[PDB]
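# Working through the structure, step by step
So the chains spell out like this:
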Amino acid sequence: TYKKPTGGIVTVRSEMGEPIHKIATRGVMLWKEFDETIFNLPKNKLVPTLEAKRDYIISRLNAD
Amino acid sequence: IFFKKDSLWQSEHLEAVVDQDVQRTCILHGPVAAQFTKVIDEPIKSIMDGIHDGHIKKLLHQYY
């Protein structure tokens, strides 16, 4: 559950970086994806990354 | 913070989610305990008694 959906459940970090077993819905899969790509980045890299990915982020947020 | 905060109530109130779509929401659930969640809308008393009456039945057989 720390790597991929396993029995339909996945692990995702909370805002304090503590693990959470959740049913791997589209919403939770986006959450897991943004943990791997956006929320793990250092503070100096976050704002540039968001601006760059903006239109992707927004389509996923609205869809999922 | 905007993404992660107050992320738990939605699965209980799909009326207040876009498209009432469960797949947008976080549902908390254990990988291992998800083998035994199958029968929906079973009364709590039927589940809890089921576990206790199992324990009694097996104990009776082994020690009485």
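Residues numbered from 1 in each chain as written, not as in the entry; some residues may be left out. Chains lettered and ligands numbered in written order. Part of a larger assembly, values for the part shown. Heavy atoms only, no water.

Chain B is annotated in the PDB entry as Fatty acid synthase subunit beta from Saccharomyces cerevisiae. For this entry, the PDB record gives the title as "Asymmetric unit of the yeast fatty acid synthase in rotated state with ACP at the acetyl transferase domain (FASx sample)".

As recorded in the PDB entry, chain A goes by Fatty acid synthase subunit beta and comes from Saccharomyces cerevisiae.

### Description of the interface of chain A and chain B
This is how it is decided: When checking whether two residues touch, look at their non-hydrogen atoms; a contact exists if any pair is within 4.5 Å. Once two parts are brought into contact, the accessible area they lose, counted with a 1.4 Å probe and summed over both, makes up the buried area. One speaks of a salt bridge when a side-chain nitrogen belonging to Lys or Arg is within 4 Å of a carboxyl oxygen belonging to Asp or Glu.
Taken together, the contact between chain A and chain B spans 22 residues of the former and 16 residues of the latter. Summing the contributions of chain A and of chain B, the shared interface buries around 1600 Å²; its carbon and sulfur component is 64%. It is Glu15(A), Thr25(A) and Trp31(A) in chain A that bury the most area against chain B; as a group they hold 29% of the surface buried on that side. Summed over the shared surface of chain A and chain B, the result is two salt bridges.

### Here's the deal with a nonpolar patch on the surface
All names here are of chain B. Convention followed: Each patch is built from salt-bridge-free residues with over 30% relative accessible area, joining like charges within 9 Å and nonpolar side chains (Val, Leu, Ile, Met, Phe, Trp, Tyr) within 5 Å. Surface accessibility follows the Shrake-Rupley procedure with a 1.4 Å probe radius. Residue values consider only the protein chains on display as shielding. Think of it this way: any DSSP run of H or I at least four residues long counts as a helix, any run of E at least two long counts as a strand, and we number them from the N terminus. We call a residue buried when its accessible area falls under 20% of the maximum for its residue type, exposed when it is over 50%, and partly exposed in between, using a 1.4 Å probe and counting protein chains only.
Together, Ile 44, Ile 47, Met 48 and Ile 51 line one region of the surface with nonpolar side chains, adding up to about 380 Å² of accessible area. With respect to the helices and strands, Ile 47 occurs in helix α1 (residues 44-63). Judged by its relative accessible area of 32%, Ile 47 is partly exposed.

### Some thoughts on unusual backbone geometry
Residues and elements named next belong to chain B. The phi dihedral of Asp 19 falls on the positive side, at around 70°, and the residue is not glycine. Inspection of the secondary structure assignment puts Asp 19 in the segment before α1. A relative accessible area of 58% means that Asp 19 is categorised as exposed. One non-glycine residue with positive phi stands out, namely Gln 20, at about 50°. Along the chain, the position of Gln 20 falls in the segment before α1. By relative accessible area, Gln 20 is classed as partly exposed at 47%.

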